[PDB]
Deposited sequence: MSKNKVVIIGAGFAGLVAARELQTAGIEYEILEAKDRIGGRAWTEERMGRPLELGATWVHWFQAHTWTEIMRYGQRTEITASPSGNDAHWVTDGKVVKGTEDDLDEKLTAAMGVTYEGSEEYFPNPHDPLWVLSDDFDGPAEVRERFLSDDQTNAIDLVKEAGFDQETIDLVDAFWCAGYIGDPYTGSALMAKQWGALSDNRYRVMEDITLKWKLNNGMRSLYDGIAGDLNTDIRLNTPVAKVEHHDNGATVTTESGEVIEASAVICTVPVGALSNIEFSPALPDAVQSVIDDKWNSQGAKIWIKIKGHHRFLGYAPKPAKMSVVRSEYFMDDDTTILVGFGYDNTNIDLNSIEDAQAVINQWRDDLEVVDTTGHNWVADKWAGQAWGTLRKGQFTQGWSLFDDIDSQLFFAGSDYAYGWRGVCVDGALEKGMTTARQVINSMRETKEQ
């Protein structure tokens, strides 16, 4: 009688884990679909990922599901060797993708400066603050200071030129899914630590390999294993911790509640008792994910890569599919969901016009996760101070919080973190039950 709130990857894998242990469960999902912020949907002639897209075999939890559900060889690399463009002091620079990669690689070396001392085990991100920490007190001081520094200032303080600063600004507008200047640099350093402290591996893990059959092949796979029907169109309005009340007034009694609703949507639920003050502050300030993901279709087959810094409508845009009607579908990430209408052709044209006054856009699409009352955010990213006093505070309770945003590893940004934390939270419930 464990109630799981939400049928995203975290709730689905938690349900399967409870099923293995013979523990009764039920998933309540607000929407008329499963998958959450992973959503494979036919748009503009093709199945497109409106949320989660890229995977890698160095992501333990994602890769095990890829193997489980038959997708081992069903991955394809995104287009590479694109003609690259980047905006720096208001002007467009042209170059090779290798040119751009080399600049980012140099900047990442400084950005990841401090990961080998903080993250010898990159899956123990708070080791420096633990009582097992046996390093110099100065490392702890630097760790805490880095939570209050954004990733771009690290590159500025190292003396890189404005062209590199503008590239890194663009890069982290996309990576921090919002305003990178409010972000915690420790997020970037942990990404380095999980990627052998090498830019190319980090890009290999986060932005290279796509699922031919979509994230839906994984989340429908997990759902297909479940012996208990998921209750769609059943939003939870109250959690007593247990008792769950739906929006319709149904009261469902529970032994435990696994809540996978993300921070951007937690204010839809009334908790009794109230959540700890430190958790409420995070919800009030949420996380670093105010941006948006667009899919743009242009005439012709063009191998294109574009970078632009804040406040551009989109900061990273890249060719992804070359369609059979002589069009190209490009993906884009931007820092501010309110400065772009993902479904307006003129706004998508304005994006492409950041770099090339040609390349007319014939179609565009996307889902604005931040304006979605059941998400309220894109992928979770960290504001200043939220590495050490943010994601880890949802472990207290009494009611359990699970989701990518609380993972120890590829937190927020990857399905790997949802599969990690959904599974380990189910183990917390399993361990408590006898």
| message | I have the full deposited sequence and the modelled structure. Can you tell me which residue ranges, counted from 1, have no C-alpha coordinates? | response | 1-4, 246-249, 407-408, 445-449
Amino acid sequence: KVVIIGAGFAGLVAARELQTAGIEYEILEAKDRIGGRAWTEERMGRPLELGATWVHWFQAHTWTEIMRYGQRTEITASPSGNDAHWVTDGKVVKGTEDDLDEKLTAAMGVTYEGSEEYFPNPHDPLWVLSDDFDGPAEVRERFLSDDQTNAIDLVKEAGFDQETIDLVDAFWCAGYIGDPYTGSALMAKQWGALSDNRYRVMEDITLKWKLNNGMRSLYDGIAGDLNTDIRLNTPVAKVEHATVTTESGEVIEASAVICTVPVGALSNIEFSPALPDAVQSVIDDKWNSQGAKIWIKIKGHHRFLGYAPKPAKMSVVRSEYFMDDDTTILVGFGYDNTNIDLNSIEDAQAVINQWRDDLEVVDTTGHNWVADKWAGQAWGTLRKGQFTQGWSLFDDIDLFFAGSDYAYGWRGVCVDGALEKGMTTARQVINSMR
From here on, numbers count along this sequence of modelled residues.
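Under this definition, the rigid core comprises the largest set of C-alpha atoms superposing within 1.5 Å between the forms.
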| query | Is the larger C-alpha RMS shift in 6 other deposited structures of this protein, relative to this form with the rigid core superposed, found in 81-89 or in 115-123? | reply | 81-89
| remark: Top-deviation stretch by C-alpha RMS in 6 other deposited structures of this protein (rigid core reference), from 358-366, 244-252, is 244-252
| request: Indicate yes or no: is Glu49 absent from the model in at least a third of the other PDB entries of this protein that were compared? | output: no
| request: Give yes or no for this: do at least a third of the other compared entries, each modelling residues before and after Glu26, lack coordinates for it? | output: no
| field | Per the entry, higher mean C-alpha B factor between 129-137 and 83-91 | value | 129-137
| note | Ranked by mean Cα B-factor in the entry, 412-420 and 20-28, top stretch is 20-28
| field | Member of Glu320, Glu250, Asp169, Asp196 with the greatest C-alpha B factor (per the PDB record) | value | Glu250
| At the C-alpha atoms, which of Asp124, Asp225, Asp179, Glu157 reaches the highest B-factor in this entry? | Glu157
| message | Using the temperature factors of the C-alpha atoms in this entry, rank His61 within its chain: lowest, middle or highest third. | response | lowest
| request: Would you check the entry's CA temperature factor for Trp54 and let me know if it's in the chain's lowest, middle or highest third? | output: lowest
| field | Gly264 CA temperature factor, ranked by third within the chain | value | middle
| request: Among all modelled residues of this chain, ranked by Cα B factor, put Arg43 in the bottom, middle or top third, i.e. lowest, middle or highest. | output: highest
| message | Can you tell me whether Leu144 has a C-alpha B-factor in the lowest, middle or highest third compared with the other modelled residues of the same chain? | response | highest
